[PDB]
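Read the single chain below, which is given as structure tokens and is the form deposited in one PDB entry.
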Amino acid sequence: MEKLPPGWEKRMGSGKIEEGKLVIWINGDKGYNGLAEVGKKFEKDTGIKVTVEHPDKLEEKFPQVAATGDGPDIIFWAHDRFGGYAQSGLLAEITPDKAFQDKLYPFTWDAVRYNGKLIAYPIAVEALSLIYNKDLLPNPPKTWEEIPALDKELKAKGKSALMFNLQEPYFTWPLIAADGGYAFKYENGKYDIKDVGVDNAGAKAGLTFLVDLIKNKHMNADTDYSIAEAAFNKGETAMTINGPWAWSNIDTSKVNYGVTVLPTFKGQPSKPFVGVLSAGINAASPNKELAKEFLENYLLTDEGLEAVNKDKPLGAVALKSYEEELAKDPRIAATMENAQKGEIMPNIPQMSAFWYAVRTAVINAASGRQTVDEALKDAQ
């Protein structure tokens, strides 16, 4: 027998993030190449190489991988996941000086506050819009209710009315919330985790309309991000539902498209969840100063955001100076019109489970594995 030797816990350990460089995680639907260009700028000014990666399921991996040799110095995701990360102590506190704070809309900072700390930098405000083919559909529908009839008409030309991703609850949430579905009730400065609205009559009606759309063969339960994107970008479906990031690929397809208000349901506006794309610094990073310099002086500038935006559009950006130029874009006006009708996502730790529950519920209802009532009861 011997005592455990020095550094044993490091031999049995998961490693350490490398000092002297920057590793960034951002989702694969975002402008990671443009972000790498920013990285390149940072490198030639500082010598510090910036590596940008878009792993799959990064928002799920981060809490297991954060404090390991594979953890990134900087993580990008919509602000909803960050409260969970903060509670898990995964996030370094963010300390921008006053002059820097003033450069971003104050309400974007609020989106990245958890328990009276700033736990990330806000980048851009995101929301879904109805994206339509102006040649197939010069006047897109104002109501969800008229979509089945519109589909039948388009099927006579070997076309369809609507395809969008049915594997992520994010995309059908605007329908679910329209007549009163909600995640967590907000009452007096606080989210009440005991008051969940995925099971009420608004949610049910919304999800039922989706299920009927599928049953009546206006939509297919198996449609995902890729299938719906190809279909719209090839001119096979008249409308899709997506965010600003999706606009680059449509530009390339030379489909003649518009971005407009989502259709109403039961006379009520569709209420898409609003996400603020945010950048957090890893608590286990030994490069926190570099990360701060990168985010504040390279990314969050007119030149930095543009580089990313040109790769894949960001939405309404948190940086005032550059947003004034993006605000003129009709697609951004539409984006903001849809966001305004919806609601910002909660950032509470319970979001992650909420999302998984709602994801499961939609997939099961659409597949017929469960009725709407059974699925949403399970979720609640």
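Quick note: we count residues from 1 along the sequence shown, nothing fancier.
Keep in mind that the form deposited in another entry is missing from the display, and what follows is about it.
Among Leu22, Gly83, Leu90, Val274, only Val274 lies at the hinge, the spot where C-alphas switch from fitting one rigid part better to fitting the other between this form and the one not shown. Closer approach of the C-alpha atoms of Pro106 and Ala178, by 3 angstroms or more, is seen in that other deposited form than in the present form. The distance between the CA atoms of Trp245 and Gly280 is at least 3 Å longer in that other deposited form than in the form shown here.
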